[PDB]
Number of protein chains: 2
Amino acid sequence: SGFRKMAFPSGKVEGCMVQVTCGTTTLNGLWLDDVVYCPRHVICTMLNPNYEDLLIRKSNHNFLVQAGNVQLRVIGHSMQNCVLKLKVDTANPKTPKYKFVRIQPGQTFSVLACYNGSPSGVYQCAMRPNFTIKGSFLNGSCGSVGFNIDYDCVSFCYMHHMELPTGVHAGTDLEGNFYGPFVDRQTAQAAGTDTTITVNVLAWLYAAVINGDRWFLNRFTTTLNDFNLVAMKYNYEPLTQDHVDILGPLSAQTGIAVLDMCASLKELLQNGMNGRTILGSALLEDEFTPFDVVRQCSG
Amino acid sequence: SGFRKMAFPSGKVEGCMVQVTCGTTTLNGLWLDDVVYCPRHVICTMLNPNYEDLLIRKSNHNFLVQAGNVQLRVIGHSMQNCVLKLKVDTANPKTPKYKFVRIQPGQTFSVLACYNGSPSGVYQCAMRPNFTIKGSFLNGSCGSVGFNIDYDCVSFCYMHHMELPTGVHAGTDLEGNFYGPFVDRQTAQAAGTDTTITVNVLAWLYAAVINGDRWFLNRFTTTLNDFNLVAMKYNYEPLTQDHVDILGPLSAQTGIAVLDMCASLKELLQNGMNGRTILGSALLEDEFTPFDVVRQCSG
(Lines of atoms letter the chains of each structure in order from A and count residues from 1; the text may use other names and numbers.)
(Lines give C-alpha, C1' and ligand atoms only; values in the text may rest on other atoms or scores of the structure.)
Protein backbone atom coordinates (compact mmCIF):
# COMPACT_ATOMS: atom_id res chain seq x y z
CA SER A 1 0.00 0.00 0.00
CA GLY A 2 0.79 3.70 -0.27
CA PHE A 3 1.34 5.96 -3.26
CA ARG A 4 4.36 8.19 -3.78
CA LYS A 5 5.89 10.24 -6.56
CA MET A 6 8.48 7.57 -7.36
CA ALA A 7 11.50 7.97 -9.63
CA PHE A 8 13.45 5.21 -11.32
CA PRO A 9 16.66 4.09 -9.58
CA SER A 10 19.25 6.53 -10.92
CA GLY A 11 22.45 4.43 -10.78
CA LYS A 12 22.67 3.66 -14.50
CA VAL A 13 22.41 7.38 -15.27
CA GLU A 14 24.79 8.49 -12.49
CA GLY A 15 27.50 6.43 -14.20
CA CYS A 16 27.14 8.60 -17.30
CA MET A 17 27.27 12.13 -15.86
CA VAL A 18 30.36 14.24 -16.54
CA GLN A 19 31.39 17.87 -16.25
CA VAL A 20 31.94 19.94 -19.41
CA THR A 21 33.81 23.23 -19.15
CA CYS A 22 34.46 25.57 -22.07
CA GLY A 23 35.46 29.18 -21.66
CA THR A 24 33.83 30.50 -18.49
CA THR A 25 30.87 28.07 -18.66
CA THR A 26 30.62 24.81 -16.71
CA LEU A 27 27.63 22.51 -17.12
CA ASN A 28 26.79 18.80 -17.26
CA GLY A 29 27.30 16.27 -20.01
CA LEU A 30 26.03 12.76 -20.73
CA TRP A 31 28.80 10.28 -21.53
CA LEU A 32 27.66 7.30 -23.60
CA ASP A 33 30.10 5.06 -25.49
CA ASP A 34 32.76 7.53 -26.76
CA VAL A 35 30.46 10.59 -27.05
CA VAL A 36 29.61 13.31 -24.52
CA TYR A 37 26.28 15.08 -25.16
CA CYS A 38 25.66 18.53 -23.71
CA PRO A 39 23.71 21.75 -24.43
CA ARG A 40 25.24 23.68 -27.29
CA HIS A 41 24.92 26.99 -25.27
CA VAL A 42 28.27 25.97 -23.59
CA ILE A 43 29.82 27.35 -26.86
CA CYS A 44 31.83 30.54 -26.15
CA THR A 45 30.02 33.87 -26.91
CA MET A 46 24.39 37.89 -28.77
CA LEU A 47 20.59 38.25 -29.26
CA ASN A 48 20.76 35.82 -32.23
CA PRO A 49 23.98 33.76 -31.86
CA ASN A 50 24.85 31.89 -35.02
CA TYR A 51 25.98 28.68 -33.31
CA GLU A 52 27.40 27.27 -36.56
CA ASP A 53 29.82 30.22 -36.77
CA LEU A 54 30.58 30.06 -33.06
CA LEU A 55 31.37 26.30 -33.26
CA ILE A 56 33.69 26.71 -36.29
CA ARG A 57 35.90 28.95 -34.10
CA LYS A 58 36.33 26.31 -31.38
CA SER A 59 38.99 23.60 -31.08
CA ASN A 60 38.81 20.22 -29.38
CA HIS A 61 41.15 21.50 -26.66
CA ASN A 62 38.71 24.26 -25.67
CA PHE A 63 36.42 21.56 -24.21
CA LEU A 64 37.47 20.31 -20.76
CA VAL A 65 35.57 17.11 -19.90
CA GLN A 66 35.96 15.68 -16.40
CA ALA A 67 34.57 12.25 -15.48
CA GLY A 68 34.98 12.02 -11.73
CA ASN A 69 38.68 12.74 -11.18
CA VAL A 70 39.71 11.69 -14.71
CA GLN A 71 39.99 14.18 -17.55
CA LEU A 72 38.70 12.92 -20.90
CA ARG A 73 40.43 14.03 -24.09
CA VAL A 74 38.08 15.49 -26.71
CA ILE A 75 39.03 14.24 -30.19
CA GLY A 76 36.09 15.63 -32.17
CA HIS A 77 33.10 17.96 -31.90
CA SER A 78 29.92 18.40 -33.89
CA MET A 79 26.52 19.98 -33.50
CA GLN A 80 23.21 18.14 -33.61
CA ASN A 81 20.39 20.68 -33.45
CA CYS A 82 20.62 22.24 -29.97
CA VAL A 83 23.00 19.57 -28.54
CA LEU A 84 26.76 19.31 -28.90
CA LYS A 85 28.41 15.92 -29.48
CA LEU A 86 31.95 15.77 -28.07
CA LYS A 87 33.79 12.69 -29.29
CA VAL A 88 36.22 11.54 -26.60
CA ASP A 89 39.11 9.10 -26.73
CA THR A 90 37.57 6.72 -24.15
CA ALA A 91 34.31 4.79 -24.25
CA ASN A 92 32.39 4.96 -20.98
CA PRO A 93 32.81 1.53 -19.32
CA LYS A 94 29.55 2.15 -17.43
CA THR A 95 27.41 2.76 -20.55
CA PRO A 96 24.06 1.04 -19.96
CA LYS A 97 21.84 -0.33 -22.68
CA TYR A 98 20.07 2.81 -23.87
CA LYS A 99 17.77 4.52 -26.35
CA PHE A 100 17.01 8.13 -27.28
CA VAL A 101 13.23 8.48 -27.22
CA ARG A 102 11.09 11.59 -27.45
CA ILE A 103 8.14 11.65 -25.09
CA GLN A 104 4.57 12.99 -25.43
CA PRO A 105 2.97 15.70 -23.32
CA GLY A 106 1.29 13.91 -20.44
CA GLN A 107 4.08 11.31 -20.09
CA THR A 108 6.29 11.12 -17.01
CA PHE A 109 10.03 10.66 -16.51
CA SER A 110 12.70 10.78 -13.82
CA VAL A 111 15.14 13.71 -13.63
CA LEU A 112 18.68 13.32 -12.25
CA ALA A 113 19.57 16.86 -11.18
CA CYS A 114 23.33 17.36 -11.52
CA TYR A 115 25.86 20.10 -10.79
CA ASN A 116 29.50 20.12 -11.93
CA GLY A 117 29.02 16.60 -13.28
CA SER A 118 27.97 15.40 -9.80
CA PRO A 119 24.42 14.05 -9.29
CA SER A 120 22.55 15.77 -6.47
CA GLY A 121 19.01 14.40 -6.48
CA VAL A 122 16.37 12.46 -8.38
CA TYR A 123 12.69 13.25 -8.80
CA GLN A 124 9.73 12.49 -11.02
CA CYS A 125 7.96 14.93 -13.28
CA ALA A 126 5.65 15.13 -16.27
CA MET A 127 5.90 16.77 -19.66
CA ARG A 128 3.18 19.42 -19.47
CA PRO A 129 0.70 19.82 -22.34
CA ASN A 130 2.46 23.12 -23.06
CA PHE A 131 5.83 21.27 -23.35
CA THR A 132 7.33 22.75 -20.18
CA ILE A 133 8.27 20.74 -17.12
CA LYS A 134 7.79 21.86 -13.53
CA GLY A 135 11.28 20.86 -12.43
CA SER A 136 13.60 21.86 -9.63
CA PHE A 137 16.80 23.27 -11.11
CA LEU A 138 19.42 25.78 -9.98
CA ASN A 139 22.14 27.56 -11.94
CA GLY A 140 24.58 24.93 -13.15
CA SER A 141 22.03 22.21 -13.77
CA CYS A 142 22.05 22.56 -17.56
CA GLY A 143 22.77 19.21 -19.16
CA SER A 144 20.98 17.20 -16.48
CA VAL A 145 18.86 14.52 -18.10
CA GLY A 146 15.44 12.94 -17.83
CA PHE A 147 14.85 9.26 -18.48
CA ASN A 148 12.73 6.16 -17.99
CA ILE A 149 14.04 2.64 -17.42
CA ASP A 150 12.55 -0.49 -19.02
CA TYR A 151 14.24 -3.78 -18.02
CA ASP A 152 17.75 -2.29 -17.51
CA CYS A 153 17.45 -0.22 -20.74
CA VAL A 154 17.61 3.54 -20.13
CA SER A 155 15.35 5.55 -22.48
CA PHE A 156 16.75 9.08 -22.31
CA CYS A 157 14.06 11.61 -23.17
CA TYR A 158 15.12 15.03 -21.87
CA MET A 159 18.18 17.25 -21.54
CA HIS A 160 17.77 20.41 -19.48
CA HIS A 161 18.54 23.77 -21.15
CA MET A 162 16.83 26.70 -19.42
CA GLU A 163 14.33 28.24 -17.01
CA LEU A 164 11.41 30.32 -18.29
CA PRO A 165 10.22 33.47 -16.48
CA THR A 166 7.39 31.63 -14.65
CA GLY A 167 9.95 29.34 -13.03
CA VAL A 168 9.20 26.29 -15.19
CA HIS A 169 11.77 24.54 -17.35
CA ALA A 170 12.44 23.84 -21.00
CA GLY A 171 14.79 21.49 -22.77
CA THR A 172 15.34 19.12 -25.66
CA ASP A 173 15.25 15.47 -26.49
CA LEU A 174 18.69 13.83 -26.82
CA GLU A 175 18.74 14.61 -30.54
CA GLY A 176 18.78 18.28 -29.55
CA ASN A 177 15.22 19.13 -30.66
CA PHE A 178 13.37 21.34 -28.20
CA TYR A 179 10.16 20.31 -26.57
CA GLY A 180 7.80 23.13 -27.36
CA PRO A 181 8.21 26.54 -28.97
CA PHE A 182 11.38 27.46 -27.10
CA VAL A 183 14.83 28.50 -28.31
CA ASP A 184 18.34 28.55 -26.81
CA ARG A 185 18.66 32.30 -27.30
CA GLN A 186 17.60 35.26 -25.18
CA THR A 187 13.98 36.19 -25.89
CA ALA A 188 10.87 37.12 -23.96
CA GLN A 189 9.72 33.55 -24.58
CA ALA A 190 7.17 32.32 -22.08
CA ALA A 191 5.21 29.17 -21.37
CA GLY A 192 1.96 29.05 -23.29
CA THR A 193 -1.35 28.23 -21.67
CA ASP A 194 -1.40 24.83 -19.98
CA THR A 195 -4.14 22.30 -19.28
CA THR A 196 -4.70 19.43 -16.84
CA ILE A 197 -3.90 15.89 -18.03
CA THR A 198 -7.32 14.26 -17.63
CA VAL A 199 -6.34 10.62 -18.26
CA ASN A 200 -3.70 10.94 -15.53
CA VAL A 201 -6.17 12.38 -13.02
CA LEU A 202 -8.43 9.39 -13.72
CA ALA A 203 -5.47 7.03 -13.30
CA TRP A 204 -4.69 8.64 -9.93
CA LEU A 205 -8.31 8.25 -8.81
CA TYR A 206 -7.98 4.53 -9.59
CA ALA A 207 -4.78 4.48 -7.55
CA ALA A 208 -6.73 6.06 -4.68
CA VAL A 209 -9.44 3.39 -4.86
CA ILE A 210 -6.78 0.66 -4.93
CA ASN A 211 -5.41 2.27 -1.75
CA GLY A 212 -8.72 2.61 0.11
CA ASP A 213 -9.87 6.15 -0.72
CA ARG A 214 -13.49 5.77 -1.86
CA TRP A 215 -15.40 8.82 -0.60
CA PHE A 216 -15.50 10.45 -4.05
CA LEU A 217 -17.16 7.46 -5.73
CA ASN A 218 -20.81 7.67 -6.78
CA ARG A 219 -23.44 5.49 -8.40
CA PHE A 220 -23.64 7.71 -11.50
CA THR A 221 -22.12 7.22 -14.92
CA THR A 222 -21.70 9.69 -17.77
CA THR A 223 -21.29 9.66 -21.51
CA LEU A 224 -17.87 10.49 -22.94
CA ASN A 225 -19.26 13.57 -24.71
CA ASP A 226 -21.05 14.81 -21.59
CA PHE A 227 -17.87 14.39 -19.58
CA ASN A 228 -15.78 16.20 -22.19
CA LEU A 229 -18.13 19.18 -22.10
CA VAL A 230 -17.39 19.49 -18.38
CA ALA A 231 -13.67 18.86 -18.94
CA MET A 232 -13.37 21.79 -21.35
CA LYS A 233 -14.98 24.18 -18.86
CA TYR A 234 -12.38 23.36 -16.18
CA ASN A 235 -9.36 23.54 -18.54
CA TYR A 236 -8.97 19.75 -18.71
CA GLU A 237 -7.77 18.00 -21.84
CA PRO A 238 -10.32 15.99 -23.83
CA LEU A 239 -10.64 12.33 -22.92
CA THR A 240 -10.42 10.01 -25.92
CA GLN A 241 -11.57 6.46 -26.47
CA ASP A 242 -7.89 5.51 -26.51
CA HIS A 243 -7.60 7.00 -23.00
CA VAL A 244 -10.61 4.91 -21.96
CA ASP A 245 -9.01 1.79 -23.46
CA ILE A 246 -5.70 2.51 -21.70
CA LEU A 247 -7.55 2.78 -18.38
CA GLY A 248 -9.13 -0.64 -19.02
CA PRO A 249 -6.82 -2.72 -16.81
CA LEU A 250 -7.27 -0.34 -13.85
CA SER A 251 -11.03 -0.27 -14.42
CA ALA A 252 -11.11 -4.08 -14.44
CA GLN A 253 -9.01 -4.44 -11.28
CA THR A 254 -11.23 -2.04 -9.32
CA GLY A 255 -14.51 -3.01 -10.96
CA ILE A 256 -15.25 0.68 -11.63
CA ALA A 257 -16.06 1.47 -15.26
CA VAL A 258 -14.08 4.34 -16.76
CA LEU A 259 -17.20 6.42 -17.43
CA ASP A 260 -18.29 5.68 -13.85
CA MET A 261 -15.03 7.20 -12.57
CA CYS A 262 -15.60 10.07 -15.02
CA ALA A 263 -18.85 10.87 -13.18
CA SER A 264 -16.81 11.04 -9.95
CA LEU A 265 -14.33 13.43 -11.55
CA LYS A 266 -17.16 15.61 -12.87
CA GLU A 267 -18.58 15.92 -9.35
CA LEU A 268 -15.13 16.69 -7.91
CA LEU A 269 -14.63 19.45 -10.48
CA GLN A 270 -18.07 20.94 -9.77
CA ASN A 271 -18.02 20.58 -5.98
CA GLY A 272 -14.43 20.58 -4.80
CA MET A 273 -13.35 18.12 -2.13
CA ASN A 274 -15.15 19.68 0.89
CA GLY A 275 -12.09 19.59 3.13
CA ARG A 276 -11.28 15.96 2.31
CA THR A 277 -8.11 14.60 0.71
CA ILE A 278 -7.19 11.91 -1.82
CA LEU A 279 -3.87 10.06 -1.44
CA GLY A 280 -2.63 12.86 0.81
CA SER A 281 -3.55 15.64 -1.66
CA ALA A 282 -6.20 18.36 -1.55
CA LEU A 283 -5.76 18.88 -5.33
CA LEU A 284 -6.54 16.59 -8.25
CA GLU A 285 -3.11 15.20 -9.21
CA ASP A 286 -2.26 14.81 -12.91
CA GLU A 287 1.43 13.77 -13.04
CA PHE A 288 0.85 10.00 -12.72
CA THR A 289 0.20 8.05 -15.95
CA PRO A 290 -1.90 4.86 -16.05
CA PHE A 291 1.41 2.99 -16.39
CA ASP A 292 2.82 4.72 -13.30
CA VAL A 293 -0.23 3.61 -11.32
CA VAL A 294 -0.13 0.00 -12.51
CA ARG A 295 3.62 -0.21 -11.85
CA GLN A 296 3.39 1.10 -8.29
CA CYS A 297 -0.02 -0.19 -7.10
CA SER A 298 -1.03 -3.70 -6.08
CA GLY A 299 -2.33 -5.97 -8.83
CA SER B 1 13.64 27.57 -9.22
CA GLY B 2 11.01 24.95 -8.44
CA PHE B 3 10.52 22.65 -5.47
CA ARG B 4 10.12 18.89 -5.67
CA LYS B 5 10.13 15.93 -3.31
CA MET B 6 13.70 14.98 -4.21
CA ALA B 7 15.48 11.77 -3.26
CA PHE B 8 19.21 11.20 -3.13
CA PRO B 9 20.77 9.51 -6.18
CA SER B 10 20.34 5.81 -5.44
CA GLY B 11 23.32 4.28 -7.28
CA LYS B 12 25.49 3.65 -4.22
CA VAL B 13 22.61 1.78 -2.58
CA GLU B 14 21.59 -0.14 -5.73
CA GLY B 15 25.06 -1.70 -5.73
CA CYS B 16 24.32 -3.23 -2.33
CA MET B 17 20.90 -4.83 -2.86
CA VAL B 18 20.68 -8.62 -2.97
CA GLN B 19 17.99 -11.28 -2.80
CA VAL B 20 17.73 -13.51 0.28
CA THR B 21 15.67 -16.69 0.07
CA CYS B 22 15.13 -19.10 2.96
CA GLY B 23 12.40 -21.70 3.03
CA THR B 24 9.42 -20.31 1.13
CA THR B 25 10.28 -16.65 1.87
CA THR B 26 12.11 -14.32 -0.51
CA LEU B 27 12.95 -10.75 0.49
CA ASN B 28 15.73 -8.18 0.09
CA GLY B 29 19.10 -7.92 1.78
CA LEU B 30 21.76 -5.23 2.12
CA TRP B 31 25.25 -6.43 1.20
CA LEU B 32 28.05 -4.42 2.81
CA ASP B 33 31.63 -5.72 3.04
CA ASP B 34 31.16 -9.47 3.70
CA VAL B 35 27.81 -9.21 5.55
CA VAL B 36 24.23 -9.33 4.24
CA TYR B 37 21.66 -7.64 6.50
CA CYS B 38 17.99 -8.57 6.24
CA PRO B 39 14.82 -8.78 8.36
CA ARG B 40 14.96 -11.69 10.77
CA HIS B 41 11.30 -12.67 9.83
CA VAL B 42 12.86 -14.53 6.81
CA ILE B 43 13.63 -17.28 9.44
CA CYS B 44 11.53 -20.42 8.76
CA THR B 45 8.34 -20.81 10.89
CA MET B 46 3.44 -18.65 15.65
CA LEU B 47 1.77 -15.80 17.64
CA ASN B 48 5.00 -15.37 19.68
CA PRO B 49 7.88 -16.88 17.63
CA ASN B 50 11.00 -17.36 19.69
CA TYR B 51 13.46 -16.25 17.00
CA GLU B 52 16.46 -17.44 19.02
CA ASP B 53 15.09 -21.01 18.95
CA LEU B 54 14.10 -20.71 15.31
CA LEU B 55 17.60 -19.47 14.32
CA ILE B 56 19.39 -22.29 16.22
CA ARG B 57 17.59 -24.77 13.92
CA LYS B 58 18.89 -23.14 10.72
CA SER B 59 22.10 -23.88 8.81
CA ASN B 60 24.16 -21.60 6.59
CA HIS B 61 23.01 -23.58 3.54
CA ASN B 62 19.35 -22.76 4.23
CA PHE B 63 20.07 -19.15 3.20
CA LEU B 64 20.21 -18.58 -0.58
CA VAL B 65 21.74 -15.17 -1.33
CA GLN B 66 21.72 -13.96 -4.94
CA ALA B 67 23.63 -10.83 -6.00
CA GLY B 68 22.54 -10.21 -9.56
CA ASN B 69 23.24 -13.50 -11.32
CA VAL B 70 25.90 -14.62 -8.81
CA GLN B 71 25.06 -16.78 -5.81
CA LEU B 72 26.87 -15.82 -2.61
CA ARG B 73 27.89 -18.55 -0.17
CA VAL B 74 26.74 -17.96 3.41
CA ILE B 75 29.51 -18.89 5.87
CA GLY B 76 27.93 -17.62 9.09
CA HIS B 77 24.68 -16.30 10.54
CA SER B 78 23.79 -14.35 13.65
CA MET B 79 20.94 -12.26 14.98
CA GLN B 80 21.15 -8.61 15.94
CA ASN B 81 17.84 -7.54 17.46
CA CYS B 82 15.30 -7.75 14.62
CA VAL B 83 17.91 -8.01 11.82
CA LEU B 84 19.81 -11.06 10.62
CA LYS B 85 23.51 -10.81 9.73
CA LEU B 86 24.54 -13.35 7.07
CA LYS B 87 28.31 -13.56 6.74
CA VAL B 88 29.20 -14.36 3.13
CA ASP B 89 32.46 -15.52 1.57
CA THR B 90 32.79 -12.44 -0.68
CA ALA B 91 33.09 -8.77 0.24
CA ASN B 92 30.90 -6.53 -1.90
CA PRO B 93 33.26 -4.73 -4.33
CA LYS B 94 30.68 -1.92 -4.61
CA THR B 95 30.52 -1.18 -0.86
CA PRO B 96 30.34 2.61 -0.47
CA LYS B 97 31.62 4.53 2.51
CA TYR B 98 28.76 4.10 4.96
CA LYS B 99 27.38 4.56 8.47
CA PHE B 100 24.44 3.12 10.41
CA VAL B 101 22.58 6.08 11.90
CA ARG B 102 19.22 6.19 13.64
CA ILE B 103 17.05 9.13 12.69
CA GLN B 104 14.63 11.31 14.69
CA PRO B 105 10.92 11.72 14.03
CA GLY B 106 10.59 14.69 11.70
CA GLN B 107 13.75 13.80 9.72
CA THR B 108 13.61 12.77 6.07
CA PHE B 109 15.32 10.03 4.07
CA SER B 110 15.27 8.38 0.66
CA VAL B 111 13.77 4.89 0.21
CA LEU B 112 15.00 2.48 -2.49
CA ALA B 113 12.03 0.17 -2.98
CA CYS B 114 13.28 -3.27 -4.02
CA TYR B 115 11.77 -6.61 -5.03
CA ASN B 116 13.69 -9.89 -5.42
CA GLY B 117 16.92 -7.99 -4.82
CA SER B 118 16.13 -5.71 -7.80
CA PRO B 119 15.60 -1.97 -7.19
CA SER B 120 12.33 -0.67 -8.59
CA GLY B 121 12.02 2.97 -7.52
CA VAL B 122 13.27 5.72 -5.25
CA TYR B 123 11.29 8.25 -3.26
CA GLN B 124 11.56 10.58 -0.30
CA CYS B 125 9.70 10.28 2.96
CA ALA B 126 9.75 11.41 6.57
CA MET B 127 9.81 9.58 9.87
CA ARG B 128 6.44 10.51 11.36
CA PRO B 129 6.20 11.70 14.97
CA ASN B 130 4.47 8.38 15.69
CA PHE B 131 7.49 6.48 14.22
CA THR B 132 5.66 5.20 11.14
CA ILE B 133 6.51 6.15 7.59
CA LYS B 134 4.00 6.79 4.82
CA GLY B 135 5.82 4.67 2.26
CA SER B 136 4.86 2.88 -0.92
CA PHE B 137 5.57 -0.83 -0.51
CA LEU B 138 4.13 -4.03 -1.96
CA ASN B 139 4.53 -7.64 -0.86
CA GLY B 140 8.17 -8.58 -1.33
CA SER B 141 9.62 -5.21 -0.40
CA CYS B 142 10.80 -6.27 3.06
CA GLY B 143 14.48 -5.51 3.44
CA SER B 144 14.38 -2.38 1.28
CA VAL B 145 16.36 0.38 2.95
CA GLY B 146 16.17 4.08 3.67
CA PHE B 147 19.21 6.33 3.64
CA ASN B 148 20.72 9.78 3.32
CA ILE B 149 23.94 10.64 1.50
CA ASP B 150 26.54 13.12 2.80
CA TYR B 151 29.57 13.65 0.50
CA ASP B 152 29.57 10.10 -0.97
CA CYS B 153 28.98 8.54 2.50
CA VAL B 154 25.71 6.61 2.75
CA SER B 155 24.03 6.92 6.18
CA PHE B 156 21.62 3.97 6.29
CA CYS B 157 18.77 4.69 8.67
CA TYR B 158 15.87 2.35 7.88
CA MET B 159 15.15 -1.24 6.90
CA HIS B 160 11.58 -2.06 5.94
CA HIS B 161 9.76 -4.81 7.89
CA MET B 162 5.97 -4.51 7.68
CA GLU B 163 2.75 -2.69 6.85
CA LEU B 164 0.33 -1.64 9.59
CA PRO B 165 -3.46 -1.87 9.16
CA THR B 166 -3.81 1.83 8.20
CA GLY B 167 -1.49 1.26 5.24
CA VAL B 168 1.55 2.96 6.77
CA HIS B 169 4.89 1.26 7.30
CA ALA B 170 7.16 0.23 10.15
CA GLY B 171 10.75 -0.90 10.28
CA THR B 172 14.05 -0.80 12.11
CA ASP B 173 17.35 0.97 12.06
CA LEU B 174 20.23 -1.11 10.64
CA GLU B 175 21.06 -2.39 14.13
CA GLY B 176 17.65 -4.09 14.06
CA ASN B 177 15.93 -1.83 16.63
CA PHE B 178 12.39 -0.89 15.65
CA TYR B 179 11.30 2.67 15.20
CA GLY B 180 8.31 2.99 17.46
CA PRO B 181 6.28 0.52 19.52
CA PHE B 182 6.10 -2.15 16.83
CA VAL B 183 7.12 -5.81 16.80
CA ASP B 184 7.92 -8.39 14.12
CA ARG B 185 5.15 -10.70 15.28
CA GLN B 186 1.44 -10.87 14.48
CA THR B 187 -0.53 -8.51 16.72
CA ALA B 188 -3.31 -5.98 16.41
CA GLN B 189 -0.59 -3.34 16.61
CA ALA B 190 -1.59 -0.03 15.08
CA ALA B 191 -0.05 3.38 14.48
CA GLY B 192 -0.55 5.69 17.43
CA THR B 193 -1.85 9.21 17.09
CA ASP B 194 0.29 11.39 14.82
CA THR B 195 0.99 15.11 14.68
CA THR B 196 2.19 17.61 12.07
CA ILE B 197 5.90 18.51 12.02
CA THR B 198 5.70 22.27 12.61
CA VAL B 199 9.35 23.18 11.97
CA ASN B 200 9.10 21.45 8.58
CA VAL B 201 5.94 23.33 7.62
CA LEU B 202 7.75 26.57 8.44
CA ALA B 203 10.75 25.45 6.38
CA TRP B 204 8.43 24.73 3.44
CA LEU B 205 6.84 28.18 3.75
CA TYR B 206 10.36 29.65 3.47
CA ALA B 207 10.91 27.49 0.39
CA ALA B 208 7.70 28.94 -1.05
CA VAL B 209 8.86 32.52 -0.44
CA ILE B 210 12.23 31.71 -2.03
CA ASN B 211 10.23 30.47 -5.04
CA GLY B 212 7.88 33.45 -5.35
CA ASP B 213 4.80 32.40 -3.35
CA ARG B 214 4.09 35.32 -1.01
CA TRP B 215 0.30 35.61 -0.71
CA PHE B 216 0.24 34.07 2.78
CA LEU B 217 2.69 36.60 4.25
CA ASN B 218 1.43 39.27 6.64
CA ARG B 219 2.78 42.20 8.62
CA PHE B 220 2.07 40.52 11.97
CA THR B 221 4.42 38.73 14.32
CA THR B 222 3.66 36.47 17.27
CA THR B 223 5.30 35.29 20.45
CA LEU B 224 6.56 31.71 20.58
CA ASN B 225 4.13 30.88 23.41
CA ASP B 226 1.17 32.42 21.60
CA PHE B 227 2.03 30.47 18.47
CA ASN B 228 2.40 27.22 20.40
CA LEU B 229 -1.05 27.65 21.91
CA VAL B 230 -2.45 27.72 18.37
CA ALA B 231 -0.19 24.84 17.29
CA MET B 232 -1.56 22.54 19.99
CA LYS B 233 -5.16 23.20 18.93
CA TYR B 234 -4.45 22.09 15.34
CA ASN B 235 -2.46 18.96 16.32
CA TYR B 236 0.91 20.56 15.46
CA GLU B 237 4.05 19.75 17.40
CA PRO B 238 5.45 22.44 19.71
CA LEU B 239 7.99 24.80 18.18
CA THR B 240 11.15 25.13 20.26
CA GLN B 241 13.83 27.78 20.39
CA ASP B 242 16.14 25.22 18.77
CA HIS B 243 13.67 25.01 15.87
CA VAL B 244 13.76 28.81 15.62
CA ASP B 245 17.57 28.76 15.64
CA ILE B 246 17.64 26.04 12.95
CA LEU B 247 15.38 28.19 10.76
CA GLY B 248 17.81 31.11 11.17
CA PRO B 249 19.61 30.78 7.83
CA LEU B 250 16.32 30.60 5.90
CA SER B 251 14.94 33.54 7.88
CA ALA B 252 18.07 35.56 7.06
CA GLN B 253 18.01 34.73 3.34
CA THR B 254 14.35 35.78 2.99
CA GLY B 255 14.44 38.62 5.52
CA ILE B 256 11.36 37.17 7.24
CA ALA B 257 11.78 36.62 10.97
CA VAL B 258 10.80 33.16 12.20
CA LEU B 259 8.06 34.51 14.48
CA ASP B 260 6.85 36.61 11.53
CA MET B 261 6.42 33.42 9.48
CA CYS B 262 4.77 31.86 12.53
CA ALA B 263 2.06 34.55 12.33
CA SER B 264 1.51 33.51 8.70
CA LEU B 265 1.17 29.86 9.71
CA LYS B 266 -1.29 30.78 12.48
CA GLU B 267 -3.48 32.59 9.96
CA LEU B 268 -3.27 29.68 7.51
CA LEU B 269 -4.35 27.25 10.23
CA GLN B 270 -7.26 29.49 11.28
CA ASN B 271 -8.41 30.50 7.78
CA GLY B 272 -7.40 27.80 5.34
CA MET B 273 -5.96 28.78 1.98
CA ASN B 274 -9.16 30.15 0.33
CA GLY B 275 -8.70 28.18 -2.87
CA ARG B 276 -5.05 29.19 -3.28
CA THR B 277 -2.01 26.91 -3.39
CA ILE B 278 1.56 26.96 -2.10
CA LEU B 279 4.30 25.25 -4.14
CA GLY B 280 1.62 23.30 -5.99
CA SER B 281 -0.09 22.06 -2.80
CA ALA B 282 -3.46 22.88 -1.26
CA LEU B 283 -2.25 21.39 2.06
CA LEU B 284 0.46 22.55 4.46
CA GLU B 285 3.38 20.21 3.68
CA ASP B 286 5.48 18.87 6.56
CA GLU B 287 7.90 16.33 5.01
CA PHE B 288 10.66 18.82 4.09
CA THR B 289 13.24 19.63 6.78
CA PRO B 290 15.06 22.98 6.96
CA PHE B 291 18.10 21.13 5.56
CA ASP B 292 16.04 19.78 2.64
CA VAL B 293 14.95 23.32 1.81
CA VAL B 294 18.43 24.83 2.01
CA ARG B 295 19.88 21.99 -0.09
CA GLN B 296 17.33 22.31 -2.87
CA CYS B 297 16.54 26.06 -2.91
CA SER B 298 18.63 28.94 -4.23
CA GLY B 299 21.04 30.55 -1.79
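Numbers in chain B track Swiss-Prot; the residues on display, in order, are 3264-3308, 3312-3565.
Structure method, as recorded: X-ray crystallography, 1.5 Å.
Backbone N, Cα and C atoms are what each Cβ position is placed from, and that goes for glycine too.
Over in Swiss-Prot, the protein carries these features:
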- B:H3304: active site, for 3CL-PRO activity (ACT_SITE)
- B:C3408: active site, nucleophile (ACT_SITE)
- B:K3268: ubiquitin cross-link (CROSSLNK)
- B:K3353: ubiquitin cross-link (CROSSLNK)
(request) Note down the number of other Cβ atoms within 10 Å of the Cβ of B:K3353 (ubiquitin cross-link), including every protein chain shown. (result) 15
(request) Work through the recorded positions one by one (B:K3268, B:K3353, B:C3408) and name whichever has its CA nearest to the CA of B:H3304 (active site, for 3CL-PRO activity). (result) B:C3408
(message) What's the end-to-end span in Å, taking the Cα of B:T3308 and the Cα of B:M3312, for the 3-residue unmodelled region?
(response) 7
(request) Sequence order please: the recorded positions B:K3268, B:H3304, B:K3353, B:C3408 that have their Cβ under 8 Å from a chain A Cβ, otherwise just none. (result) B:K3268
(request) Tell me the Cβ neighbour count for B:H3304 (active site, for 3CL-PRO activity), meaning other Cβ atoms within 10 Å of its Cβ, over all protein chains shown. (result) 18
(request) Give the sequence-ordered list of residues that share a chain with B:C3408 (active site, nucleophile), lie 6 or more positions from it, and have CB atoms under 8 Å from its CB. (result) B:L3290, B:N3291, B:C3301, B:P3302, B:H3304, B:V3305, B:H3426, B:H3427, B:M3428
(request) Mind giving me a neighbour count for B:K3268 (ubiquitin cross-link)? Other Cβ atoms within 10 Å of its Cβ, every protein chain shown. (result) 21
(message) According to DSSP, does B:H3304 (active site, for 3CL-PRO activity) sit in a helix, a strand, or coil?
(response) helix
(message) What does the structure give for the C-alpha distance between B:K3353 (ubiquitin cross-link) and B:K3268 (ubiquitin cross-link)? Integer Å is fine.
(response) 36
(message) Helix, strand or coil for B:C3408 (active site, nucleophile)? Use DSSP.
(response) coil
